[PDB]
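Visitor:
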Ligand code: HEM
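Now the structure itself:
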């Protein structure tokens, strides 16, 4: 449900993430886990991190943040015509990783916070509104797929 100009604002600030995907991805998962501690409990591999300093040092957390934002970028570049990219993620998150839809709101919040924290000058009011709409469209489509698969949306 985005306009073409709102997709361009999203893809233009996504270019800042592409200049450093793993660094943004690491900061998103740290913000997700420090903001909403219960999300960390879905990651069996990341329990042992008892602090933001242990999370910062974890090369596996950084590698997983990289994988997370590389997939999200694949989804955003499709501008809404993203069913083929979205399906595999809704499949794996609804079944194997046991992620509720609400946790998707939390990581959406962490992404905006990261973008605002790292690019305050480039991520103004128009870019913010457009990225919020993009992440809402992703969340909504993820939830519709979960319902299709027999899960709570
Ligand atoms: C923008 C939203 C998200 C994206 C793009 C994303 C993407 C991914 C990708 C690409 C993988 C590896 C492939 C796969 O298994 O599907 C993955 C794994 C995983 N995701 Fe996400 N994810 C998102 C949100 C979440 C949230 C909010 C949680 C938990 C609160 C979560 C939990 C996990 C877990 C537990 C795994 C498996 C990790 C492991 O290797 O041990 N994901 N995610």
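In the numbering used here, the protein residues as written are 100 to 252. Cβ coordinates follow ideal geometry from the N, Cα and C atoms, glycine included.
Taking Cβ to Cβ, would you say residue 168 is nearer than 7 Å to residue 124?
Guide: One-based indexing of the chain shown puts residue 168 at position 69. One-based indexing of the chain shown puts residue 124 at position 25. Their beta carbons are under 7 Å apart, which means residue 168 touches residue 124 by this criterion.
Visitor: The alpha helix (DSSP H) that contains residue 164, what's its start and end?
Guide: Taking the first residue of the chain shown as 1, we reach residue 164 at position 65. Per DSSP, residue 164 belongs to the alpha helix (DSSP H) from 158-175.
Visitor: Is residue 245 near the ligand HEM, in the sense that its beta carbon is under 6 Å from a heavy atom of that ligand?
Guide: Taking the first residue of the chain shown as position 1, residue 245 is located at position 146. Outside the cutoff, so no.
Visitor: Could you tell me the distance, in whole angstroms, from the CA atom of residue 184 to the CA atom of residue 147?
Guide: Position 85 of the chain shown, counted from the start, is the residue given in the question as residue 184. Position 48 of the chain shown, counted from the start, is the residue given in the question as residue 147. Approximately 31 Å, taken between the alpha carbons.
Visitor: Give a single yes or no on whether residue 224 has its beta carbon closer than 6 Å to a heavy atom of the ligand HEM.
Guide: The residue labelled residue 224 in the question sits at position 125 within the chain shown. Because no heavy atom of the ligand HEM lies under 6 Å away, the Cβ of residue 224 does not count as near it: no.
Visitor: According to the Cβ coordinates, are residue 178 and residue 106 closer than 7 Å?
Guide: Here residue 178 is taken as the residue at index 79 of the chain shown, counted from 1. Here residue 106 is taken as the residue at index 7 of the chain shown, counted from 1. Going by C-beta atoms, residue 178 is nearer than 7 Å to residue 106.
Visitor: What do you get for residue 158, buried or exposed, if any count of 16 or more other CB atoms within 10 angstroms of its CB means buried?
Guide: Translated into the one-based positions of the chain shown, residue 158 becomes position 59. So residue 158 ends up on the exposed side.
Visitor: Between the stretch 182-200 and the stretch 147-156, can you find at least three pairs of beta-carbon atoms closer than 8 Å?
Guide: no
Visitor: Only counting the same chain, and skipping five residues up and downstream in sequence, which positions put a Cβ closer than 7 Å to that of residue 130?
Guide: Along the chain shown, read from residue 1 onward, the residue named residue 130 stands at position 31. So the list reads 209, 212 and 213, once near-sequence residues are dropped.
Visitor: Please list the terminal residues of the continuous alpha helix (DSSP H) segment that includes residue 216.
Guide: Counting from 1 along the chain shown, the entry for residue 216 is found at position 117. Taken as a continuous stretch (DSSP letters only), the alpha helix (DSSP H) holding residue 216 covers 200-217.
Visitor: Suppose contacts are defined by Cβ-Cβ distances below 7 Å. Is residue 172 in contact with residue 128 by that definition?
Guide: Against the chain shown, residue 172 aligns to sequence position 73. Against the chain shown, residue 128 aligns to sequence position 29. In this structure, residue 128 does not lie closer than 7 Å to residue 172 by Cβ.
Visitor: Exposed or buried, what is residue 138 when buried is set at 16 or more other beta-carbons lying within 10 Å of its beta-carbon?
Guide: Locating residue 138 in the chain shown gives position 39, counting from the first residue. With 16 or more Cβ atoms within 10 Å of its Cβ, residue 138 is classed as buried.
Visitor: May I have the straight-line CA-CA distance separating residue 240 from residue 192, to the nearest angstrom?
Guide: Taking the chain shown and counting its residues from 1, one reaches residue 240 at position 141. Taking the chain shown and counting its residues from 1, one reaches residue 192 at position 93. If I take the Cα positions, the gap works out to 13 Å.
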